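Quick note, the sequences are listed as chains A and B, same order.
Using my numbering, you'd call the opening residue of the first sequence number 114 and step up by one each time.
Using my numbering, you'd call the opening residue of the second sequence number 114 and step up by one each time.
Ideal Cβ placement from N, Cα and C applies to all residues, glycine included.
Encoded as structure tokens, the structure appears first; notes follow it.
There are 2 protein chains.
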Amino acid sequence: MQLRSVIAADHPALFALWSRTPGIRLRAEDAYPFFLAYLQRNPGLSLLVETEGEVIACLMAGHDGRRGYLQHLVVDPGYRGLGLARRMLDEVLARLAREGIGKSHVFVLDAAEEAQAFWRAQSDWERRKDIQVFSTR
Amino acid sequence: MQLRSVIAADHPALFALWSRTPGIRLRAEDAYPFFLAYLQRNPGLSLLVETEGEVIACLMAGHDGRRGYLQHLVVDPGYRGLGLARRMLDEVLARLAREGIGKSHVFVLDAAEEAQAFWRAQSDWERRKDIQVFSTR
Ligand SMILES: CC(=O)SCCNC(=O)CCNC(=O)[C@H](O)C(C)(C)COP(=O)(O)OP(=O)(O)OC[C@H]1O[C@@H](n2cnc3c(N)ncnc32)[C@H](O)[C@@H]1OP(=O)(O)O
Ligand SMILES: CC(=O)SCCNC(=O)CCNC(=O)[C@H](O)C(C)(C)COP(=O)(O)OP(=O)(O)OC[C@H]1O[C@@H](n2cnc3c(N)ncnc32)[C@H](O)[C@@H]1OP(=O)(O)O
């Protein structure tokens, strides 16, 4: 079970993982050119776990020079409950802290009941009830 | 009324503007080293307006390779209602779009009644009622 940085050549394996994971919504930004630019901008910040040449978990992460933003946290069903998500999260947050990023955010759809439950259970995170988000249309 | 890119040398003027503007909360990340690293990561994406050698308006912006994030939108009280915030917004969004960033976010405190009113009035933005935000503690 090798934890390592995601690189551009991982795109087919990660896109396949995302595609087969209920609860992960694929969008335009998940396609190769966006992935390539993301990794060039955020090198070493996104992580995956592989075993026997297969990718079994991932966490995409990056920052804007002020805050961290994490996306597409996945552990394959066969490898859940082993602490892999927590392992990736601890490592991403450490790397972000090295780069001067002391606060990070995740966005979770209200309709994603299982994801909400996961994030409410992480004691190092808090659901924000003090802010509104406005986004471009 | 000259609109231009913010550079590192603008820190004293911008910090002074932020400091004298009710509704702008100053934090650690507003100090010079964070500002310097932010501008290196996001060159030309933050803007200011100056007239007669004085900075009268600003908008800080950046991105993580996936989404845009804007903050510290300010127009000096003597120059409000002249479209300066809209001018900066249009230009930042255009520059973000050139960089492949098609969706941007702002976080606005629930208690910030005037800022909420401003953002609700921008027809190119929408208040999100479909997501929860979790942040590191
Ligand atoms: C990425 C976003 O911003 S939202 C999208 C989140 N991802 C998904 O919804 C994809 C589908 N789900 C998954 O891939 C997995 O269920 C994950 C990644 C959420 C969790 O994977 P796991 O292997 O359970 O995580 P891990 O074992 O590291 O969990 C850390 C702790 O969180 C807690 N936890 C995990 N899942 C849940 C849950 N659904 N509800 C409450 N608490 C949970 C557990 O206490 C766990 O400790 P453990 O190791 O003793 O079980
Ligand atoms: C940065 C964030 O994410 S939140 C923090 C926002 N910033 C602040 O609260 C700092 C204090 N406030 C300010 O500096 C200013 O009042 C600003 C920047 C919010 C607005 O400055 P203004 O000079 O009004 O900007 P501008 O004229 O470009 O406003 C655009 C339009 O928004 C609307 N608008 C502006 N302020 C408000 C308001 N308080 N309520 C409702 N609508 C408004 C108007 O329709 C205005 O039309 P106009 O372009 O014809 O003038």
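Notebook entry, point to check: CA-CA distance, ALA225 of chain A and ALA129 of chain B?
Noted result: Translated into positions along the first sequence, residue 225 of chain A becomes position 112. Translated into positions along the second sequence, residue 129 of chain B becomes position 16. Distance between the alpha carbons of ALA225 of chain A and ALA129 of chain B: 43 Å.
Note to self: On the DSSP letters alone, give me the boundaries of the beta strand (DSSP E) that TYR182 of chain A sits inside.
What the structure shows: The residue you call residue 182 of chain A lines up with position 69 of the first sequence. Here the beta strand (DSSP E) through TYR182 of chain A covers 181–188.
Next item on the list: Please state whether DSSP places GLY157 of chain B in a helix, a strand or coil.
Entry: Counting from 1 along the second sequence, the entry for residue 157 of chain B is found at position 44. Three-state result, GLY157 of chain B: coil.
Margin query: Pull the bridge partners of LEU222 of chain A from the DSSP assignment, please.
Written below: Taking the first residue of the first sequence as 1, we reach residue 222 of chain A at position 109. According to DSSP, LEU222 of chain A bridges with B:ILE244.
Notebook entry, point to check: How should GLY178 of chain A be labelled, buried or exposed, when 16 other C-beta atoms within 10 angstroms of its C-beta is the threshold for buried?
Noted result: Here residue 178 of chain A refers to the residue found at position 65 when the first sequence is read from its first residue. Flag for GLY178 of chain A reads buried.
Next item on the list: Return the first residue and the last residue of the alpha helix (DSSP H) that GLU204 of chain A is part of.
Entry: Locating residue 204 of chain A in the first sequence gives position 91, counting from the first residue. Start and end: 197–211.
Checklist line | Three-state class that DSSP yields for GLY191 of chain B in the structure shown | finding: Mapped onto the second sequence, residue 191 of chain B falls at position 78. In this structure, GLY191 of chain B counts as helix in the three-state DSSP scheme.
Next item on the list: Measure the C-alpha to C-alpha separation of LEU172 of chain B and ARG140 of chain B and round it to an integer number of angstroms.
Entry: What you label residue 172 of chain B is simply residue 59 of the second sequence in a count that begins at 1. What you label residue 140 of chain B is simply residue 27 of the second sequence in a count that begins at 1. Straight-line Cα distance between these residues: approximately 16 Å.
Notebook entry, point to check: Which residues in the same chain as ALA174 of chain B place their Cβ atom closer than 6 Å to its Cβ, once the five residues preceding and following it in sequence are excluded?
Noted result: On the second sequence, position 61 is the one that residue 174 of chain B refers to. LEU158, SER159, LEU183 and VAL205.
Margin query: Our contact map puts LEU197 of chain B next to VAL188 of chain B with C-beta atoms below 8 Å; I'd like the distance itself, whole angstroms only.
Written below: Along the second sequence, one-based indexing puts residue 197 of chain B at 84. Along the second sequence, one-based indexing puts residue 188 of chain B at 75. That pair is a contact at about 5 Å.
Margin query: Is any non-hydrogen atom of ligand 2 found closer than 8 Å to the C-beta of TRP232 of chain B, if you look at the structure I gave you?
Written below: One-based indexing of the second sequence puts residue 232 of chain B at position 119. Yes - ligand 2 has a heavy atom lying nearer than 8 Å to the Cβ of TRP232 of chain B.
Next item on the list: Taking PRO135 of chain A as the reference, give the member of A:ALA234, A:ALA207, A:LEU186 and A:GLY181 with the closest Cα.
Entry: For the purposes of this step, residue 135 of chain A is taken as residue 22 along the first sequence, with counting starting at 1. Comparing C-alpha distances from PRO135 of chain A to each of A:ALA234, A:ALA207, A:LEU186 and A:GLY181 shows the shortest one belongs to A:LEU186.
Notebook entry, point to check: Which of helix, strand or coil does DSSP assign to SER118 of chain B?
Noted result: On the second sequence, residue 118 of chain B is found 5 positions in, with the first residue counted as 1. The answer is strand: DSSP assigns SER118 of chain B an E or B state.
Next item on the list: Work out the CA separation of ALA230 of chain A and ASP237 of chain A for me, nearest whole Å.
Entry: For this step, residue 237 of chain A is matched to residue 124 along the first sequence. For this step, residue 230 of chain A is matched to residue 117 along the first sequence. When rounded, the distance between both Cα atoms is 14 Å.
Note to self: Which residue wins for smallest C-alpha separation from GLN235 of chain A, given the options B:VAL119, B:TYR192 and B:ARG250?
What the structure shows: As a working mapping, residue 235 of chain A is identified with position 122 in the first sequence. Out of B:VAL119, B:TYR192 and B:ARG250, B:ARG250 has the C-alpha closest to the C-alpha of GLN235 of chain A.
Note to self: Excluding the 5 residues flanking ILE169 of chain A on each side, which residues of the same chain have their C-beta closer than 6 Å to its C-beta?
What the structure shows: Position 56 of the first sequence holds residue 169 of chain A. Contacts found: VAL162, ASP189 and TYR192.
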